[PDB]
Amino acid sequence: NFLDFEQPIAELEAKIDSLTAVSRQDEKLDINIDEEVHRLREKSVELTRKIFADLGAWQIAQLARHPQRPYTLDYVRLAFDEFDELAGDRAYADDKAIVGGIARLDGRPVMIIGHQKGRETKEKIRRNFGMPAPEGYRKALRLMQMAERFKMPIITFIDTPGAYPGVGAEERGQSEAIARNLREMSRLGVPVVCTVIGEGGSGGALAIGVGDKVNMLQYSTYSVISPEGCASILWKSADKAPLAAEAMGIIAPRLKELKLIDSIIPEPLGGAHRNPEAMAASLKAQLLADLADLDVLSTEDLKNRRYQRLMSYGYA
Amino acid sequence: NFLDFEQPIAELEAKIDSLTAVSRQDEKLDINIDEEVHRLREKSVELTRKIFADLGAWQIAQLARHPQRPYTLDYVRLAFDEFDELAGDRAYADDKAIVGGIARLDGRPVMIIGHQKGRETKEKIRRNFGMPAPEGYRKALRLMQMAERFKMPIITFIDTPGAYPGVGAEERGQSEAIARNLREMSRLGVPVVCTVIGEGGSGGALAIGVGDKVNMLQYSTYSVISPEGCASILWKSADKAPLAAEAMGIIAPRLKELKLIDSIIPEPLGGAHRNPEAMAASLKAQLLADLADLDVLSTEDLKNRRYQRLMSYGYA
Amino acid sequence: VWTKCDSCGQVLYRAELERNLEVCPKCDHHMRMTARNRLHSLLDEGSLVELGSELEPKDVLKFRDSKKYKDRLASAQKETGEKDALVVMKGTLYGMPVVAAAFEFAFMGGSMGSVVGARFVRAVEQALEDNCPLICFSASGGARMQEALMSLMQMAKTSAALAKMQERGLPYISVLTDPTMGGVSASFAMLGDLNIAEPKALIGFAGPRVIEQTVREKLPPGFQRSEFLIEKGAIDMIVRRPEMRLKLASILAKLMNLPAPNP
Amino acid sequence: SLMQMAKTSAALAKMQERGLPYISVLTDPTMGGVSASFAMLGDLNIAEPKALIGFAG
Ligand SMILES: CC(=O)SCCNC(=O)CCNC(=O)[C@H](O)C(C)(C)COP(=O)(O)OP(=O)(O)OC[C@H]1O[C@@H](n2cnc3c(N)ncnc32)[C@H](O)[C@@H]1OP(=O)(O)O
Ligand SMILES: [Zn+2]
């Protein structure tokens, strides 16, 4: 299900699939069909290149919510091996919105914490559409403490609308869970590398995003509040979301020049949905580079650098 | 409401009240009535002395459950000043069964954690009859960690039937709460003084009773399981509780000779319920004595002594 | 040589069941496994070294409820062949030195007594002096009632040993078998870094009967089972017994930064 | 604004490891990122009566 503005791209892909089926059906007209496929393949590449030349903030925000996109589990599958998933915060329940575990990154063992929106509607309602209850942030804190105990680096994926604003979730100290996560994550004695694949924000994303290195995909957003909410409160309307997205500056290049994130990971043409394998490979290379240049620093120097990075946020 | 075997004492007290009323009625016979009151007071004292000469294990257990007895709040009121009560584990709820706070012990600030059964039936059902949910042991751990942060000694009162065996309490990790309390309490860098006023055991009492100095009142019980349960499992009956109580050895002098507790605090004649003020004064003196010889030790030496004491439990 | 699975009422061939690690090949029901056999299956071949074999029950309380406690100890020792419930056996796991412990549920219900805590502390000390993971397979009905507080205080002692291990930074994986209730679930069984649990294992603090007596209602379906706990967060993961060895080896290799074990 | 939560929490961690107390008083209203950054992070969380405290409106 492509977005509204990607309909031409969808039509070309649909035509290619139809032609492939027709070619498999017959044998005496293979040459012409193959020639048309090659011509249409070149057309699709150029069309995707020209459309994406100038994308507004709202276009990027819509892309970050594309209902076909690699989530935390997909990245784990395509870039990590020997993944053992740990479930449970030990107090109330295990939140399916956050998936955590320990796996190997090119032999090196790492701890993986990130949100999981879910692919279909069943998983989407099972995982609360990637919105974690406080028992999810408590599980994340438990896993981070475990990783810091066994001298283990931590890798975090940030893809969630935000914290769940439910009655049950609010009774169990959502604010306390987020605050404890933020406080404890600045003292970890192991490097933390956080990426913002997909959509993140509202403060329920920063709860696992206080890291030594902050990365963001080219077409990913990271805001204090969803554009819809900002429009509703300030513009007094919900349809003026694109203006709010443009004004806030939720796009990766806008944040980079503010010294808020460390690097941007380029995505395959047409977004990370076209070639998830390439996106996973690029993310893995960036993670390896960040760990390579993070291990040189000592634990005390690493913590001091992290603290100084935090104190440099804002213009004051 | 005195126990079954203390009926003569109740009758004597009623007679004393009647004599007081009669004295208030008239004026020309006050001297003789006062003399009779004094004689009956001496009679009551001697009768209490002779009755308590030989009390069995079941008698002691019944005394420890007297429905008129100073609880944690009473001891705090009669031996501590400036008591500020802290409520909440920050996660699920604040358990009324455990009352915690920070107060002053002869000027010195201390942290107080203990169970509160409640006086009447309303408070008994509000406080779950002194049986704490896991959110009570989590509050206890939070308070103990706070006290250890601000170089503060910890005082614990152990008066509870045991952990609440409810469905809700079992779903929220009762075992995990108790285990975490036991593990964290052996590393505290501040002296911990634990007393076993009233009834404690089942492991939900040891969750706040791993201390440098363990004290117990003369008429208090401390067992791995209530005598009723031991009788039900082993004797195959519930009415044979006294035999189980005698066999287990749940009485303070019996436990002392096993090198399981450090000292026994003698109680006022007729139990701690007759004269709670004297009991509170004796407990305060014992606490001050225990703290006096614990402050000399360094933090590392205090922790080493605590660890070695734990490893000496049992014959193996 | 023809046993039966009670859960499904089959006629499983005994050797077939034994070579599958006491798991019914039909309904995958995890039945009783002796501590020594479990440790032999877990650890490598020819590297087993039992620890704390010099510790024996030494009843001092002279307990007598309906049978002499010494008679109970002798009967359990004759039936099971082990001095007390817990059995410690140092060994190697895929070339990785490790210390493992296993409960023996046939010894007075796997209750925790003084010798159990002493042997657990011996295992912890051995792991500490030679830095290596600790693995525990908890199968206990609670704390030994015939030892009174001398069993209750074993919770604090084992917890303190685990605290020392955590300070040193060593892993400690607690495998929760069926059943693990009472003072073992509340002291060191649920105190591990990863609380792995076997399928359909009765885990909790208080038994179902006392809970029913207090509530006087119907317990939720599948109460206190492993599958019910993992949804409540008390269990980190569920691992089948035939897959336990490799899963534990991989987990401990990842935690200790060792190379992955060869399958 | 969002990154200020991490900054304040890190400062509070620094003062906590020293042993200095930090009492947080919650007044009507204490919502949003303040409730999730340092308002709900003090050693004592004191709230005035009938104060609106939470994370989401
Ligand atoms: C307070 C404590 O910590 S001890 C209290 C007893 N335990 C509990 O309350 C928790 C669980 N309660 C139980 O009854 C069981 O452990 C359950 C629920 C797991 C049931 O498991 P079952 O298959 O029924 O095992 P069962 O209880 O029969 O145990 C087998 C044997 O161990 C004995 N046993 C088990 N735990 C203990 C113990 N703590 N002390 C003494 N004996 C014990 C039983 O008496 C029984 O002996 P028997 O068969 O010769 O009569
Ligand atoms: Zn079967």
# chains A, B, ... in the order shown; residues from 1 in each chain; ligands from 1
call {"tool": "interface_residues", "arguments": {"of": "chain C", "to": "chain B", "cutoff": "6 Å", "atoms": "only C-alpha atoms", "output": "PyMOL selection string"}}
result
chain C and resi 114-115+118+148-150+152+156-157+159-160+163+185-187+190-191+205-206+211
call {"tool": "residues_near_ligand", "arguments": {"ligand": "ligand 2", "cutoff": "8 Å", "atoms": "only C-alpha atoms and all ligand atoms", "output": "list in words"}}
result
residues 4, 5, 6, 7, 8, 9, 10, 23, 24, 25, 26, 27, 28 and 29 of chain C
call {"tool": "write_last_selection", "arguments": {"atoms": "N, CA and C atoms", "output": "CSV table (one decimal), in the first residue's frame"}}
result
chain,number,residue,atom,x,y,z
C,4,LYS,N,4.7,-45.0,30.7
C,4,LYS,CA,3.5,-44.3,30.2
C,4,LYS,C,3.6,-42.8,30.6
C,5,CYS,N,3.1,-42.0,29.6
C,5,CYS,CA,3.0,-40.5,29.9
C,5,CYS,C,1.6,-40.3,30.5
C,6,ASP,N,1.5,-39.7,31.7
C,6,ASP,CA,0.2,-39.5,32.3
C,6,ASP,C,-0.6,-38.4,31.7
C,7,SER,N,0.1,-37.4,31.1
C,7,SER,CA,-0.6,-36.3,30.5
C,7,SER,C,-1.5,-36.8,29.3
C,8,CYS,N,-1.0,-37.7,28.5
C,8,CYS,CA,-1.7,-38.2,27.3
C,8,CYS,C,-1.9,-39.7,27.4
C,9,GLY,N,-1.4,-40.4,28.4
C,9,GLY,CA,-1.7,-41.8,28.5
C,9,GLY,C,-1.2,-42.7,27.4
C,10,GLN,N,0.1,-42.5,27.0
C,10,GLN,CA,0.7,-43.3,26.0
C,10,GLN,C,1.6,-44.4,26.6
C,23,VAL,N,11.3,-36.2,27.9
C,23,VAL,CA,10.2,-35.4,27.3
C,23,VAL,C,9.4,-36.2,26.4
C,24,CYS,N,8.1,-36.3,26.7
C,24,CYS,CA,7.2,-37.2,25.9
C,24,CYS,C,7.2,-36.8,24.4
C,25,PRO,N,7.6,-37.7,23.5
C,25,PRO,CA,7.6,-37.3,22.1
C,25,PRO,C,6.2,-37.1,21.5
C,26,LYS,N,5.2,-37.2,22.2
C,26,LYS,CA,3.8,-37.0,21.7
C,26,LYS,C,3.2,-35.7,22.1
C,27,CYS,N,3.1,-35.4,23.4
C,27,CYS,CA,2.6,-34.1,23.9
C,27,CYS,C,3.7,-33.1,24.4
C,28,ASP,N,4.9,-33.5,24.3
C,28,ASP,CA,6.0,-32.7,24.8
C,28,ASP,C,5.8,-32.3,26.3
C,29,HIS,N,5.5,-33.3,27.1
C,29,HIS,CA,5.4,-33.1,28.5
C,29,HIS,C,6.7,-33.3,29.2
call {"tool": "atom_distance", "arguments": {"atom1": "CA of residue 161 in chain A", "atom2": "CA of residue 227 in chain A"}}
result
11.0 Å
call {"tool": "select_by_dssp", "arguments": {"residues": "range 16-245 of chain C", "states": "alpha helix (DSSP H)", "output": "MDAnalysis selection string"}}
result
chainID C and resid 16:19 35:42 69:80 114:129 149:168 208:215 226:230 244:245
call {"tool": "residues_near_ligand", "arguments": {"ligand": "ligand 1", "cutoff": "7 Å", "atoms": "only C-alpha atoms and all ligand atoms", "output": "PyMOL selection string"}}
result
(chain B and resi 202+224-225+233-234) or (chain C and resi 108-111+140-146+179-183+202+205-208)
call {"tool": "interface_residues", "arguments": {"of": "chain D", "to": "chain B", "cutoff": "8 Å", "atoms": "only C-alpha atoms", "output": "list in words"}}
result
residues 19, 20, 21 and 43 of chain D
call {"tool": "residues_around", "arguments": {"residues": "range 224-232 of chain C", "least_positions_apart": "3", "cutoff": "7 Å", "atoms": "only C-alpha atoms", "output": "PyMOL selection string"}}
result
(chain A and resi 88+92-94) or (chain B and resi 171-172) or (chain C and resi 197-204+235-237)
call {"tool": "write_last_selection", "arguments": {"atoms": "N, CA and C atoms", "output": "mmCIF file, in the first residue's frame"}}
result
data_model
loop_
_atom_site.group_PDB
_atom_site.id
_atom_site.type_symbol
_atom_site.label_atom_id
_atom_site.label_comp_id
_atom_site.auth_asym_id
_atom_site.auth_seq_id
_atom_site.Cartn_x
_atom_site.Cartn_y
_atom_site.Cartn_z
ATOM 1 N N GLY A 88 9.963 -9.378 29.503
ATOM 2 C CA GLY A 88 9.498 -9.188 30.880
ATOM 3 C C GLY A 88 10.281 -8.132 31.634
ATOM 4 N N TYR A 92 5.117 -6.226 36.184
ATOM 5 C CA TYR A 92 3.716 -6.282 35.781
ATOM 6 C C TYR A 92 3.480 -7.164 34.567
ATOM 7 N N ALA A 93 4.216 -6.951 33.481
ATOM 8 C CA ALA A 93 4.010 -7.708 32.253
ATOM 9 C C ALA A 93 5.089 -7.295 31.263
ATOM 10 N N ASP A 94 5.190 -8.054 30.178
ATOM 11 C CA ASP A 94 6.129 -7.759 29.106
ATOM 12 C C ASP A 94 5.380 -7.028 28.003
ATOM 13 N N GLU B 171 0.448 -12.524 40.578
ATOM 14 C CA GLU B 171 0.714 -12.136 39.196
ATOM 15 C C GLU B 171 1.827 -11.102 39.098
ATOM 16 N N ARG B 172 1.964 -10.236 40.104
ATOM 17 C CA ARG B 172 2.923 -9.139 40.065
ATOM 18 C C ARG B 172 4.263 -9.506 40.683
ATOM 19 N N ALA C 197 12.644 -20.759 31.900
ATOM 20 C CA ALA C 197 11.701 -21.684 32.509
ATOM 21 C C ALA C 197 11.249 -22.703 31.481
ATOM 22 N N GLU C 198 11.093 -23.945 31.917
ATOM 23 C CA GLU C 198 10.629 -24.991 31.024
ATOM 24 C C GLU C 198 9.125 -24.873 30.799
ATOM 25 N N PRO C 199 8.619 -25.419 29.694
ATOM 26 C CA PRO C 199 7.191 -25.273 29.396
ATOM 27 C C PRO C 199 6.313 -25.886 30.477
ATOM 28 N N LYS C 200 5.193 -25.221 30.753
ATOM 29 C CA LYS C 200 4.172 -25.731 31.665
ATOM 30 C C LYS C 200 4.766 -26.144 33.008
ATOM 31 N N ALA C 201 5.585 -25.265 33.574
ATOM 32 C CA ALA C 201 6.198 -25.491 34.874
ATOM 33 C C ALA C 201 5.442 -24.684 35.918
ATOM 34 N N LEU C 202 5.075 -25.332 37.018
ATOM 35 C CA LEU C 202 4.333 -24.669 38.085
ATOM 36 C C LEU C 202 5.309 -23.845 38.912
ATOM 37 N N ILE C 203 5.269 -22.529 38.736
ATOM 38 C CA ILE C 203 6.167 -21.605 39.413
ATOM 39 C C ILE C 203 5.330 -20.599 40.185
ATOM 40 N N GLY C 204 5.815 -20.207 41.354
ATOM 41 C CA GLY C 204 5.116 -19.226 42.157
ATOM 42 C C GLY C 204 5.745 -19.126 43.531
ATOM 43 N N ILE C 235 9.220 -14.299 33.843
ATOM 44 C CA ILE C 235 10.058 -15.272 33.153
ATOM 45 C C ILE C 235 10.664 -14.581 31.944
ATOM 46 N N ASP C 236 11.982 -14.698 31.788
ATOM 47 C CA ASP C 236 12.640 -14.034 30.669
ATOM 48 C C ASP C 236 12.376 -14.763 29.359
ATOM 49 N N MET C 237 12.383 -16.093 29.376
ATOM 50 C CA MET C 237 12.105 -16.855 28.167
ATOM 51 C C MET C 237 11.796 -18.292 28.551
#
call {"tool": "select_by_dssp", "arguments": {"residues": "chain D", "states": "strand (DSSP E)", "output": "number ranges by chain"}}
result
D: 23-26, 44-47
call {"tool": "residues_around", "arguments": {"residues": "residue 5 in chain D", "least_positions_apart": "5", "cutoff": "8 Å", "atoms": "only C-alpha atoms", "output": "NGL selection string"}}
result
(:A and (182)) or (:D and (33-34 or 36-38))
call {"tool": "atom_distance", "arguments": {"atom1": "CA of residue 91 in chain A", "atom2": "CA of residue 135 in chain B"}}
result
9.1 Å
call {"tool": "closest_residue", "arguments": {"among": "B:80, B:157, B:137, B:5", "to": "chain A", "atoms": "only C-alpha atoms"}}
result
B:137
call {"tool": "atom_distance", "arguments": {"atom1": "CA of residue 221 in chain C", "atom2": "CA of residue 136 in chain B"}}
result
26.4 Å
call {"tool": "closest_residue", "arguments": {"among": "B:168, B:208, B:292, B:281", "to": "chain A", "atoms": "only C-alpha atoms"}}
result
B:168
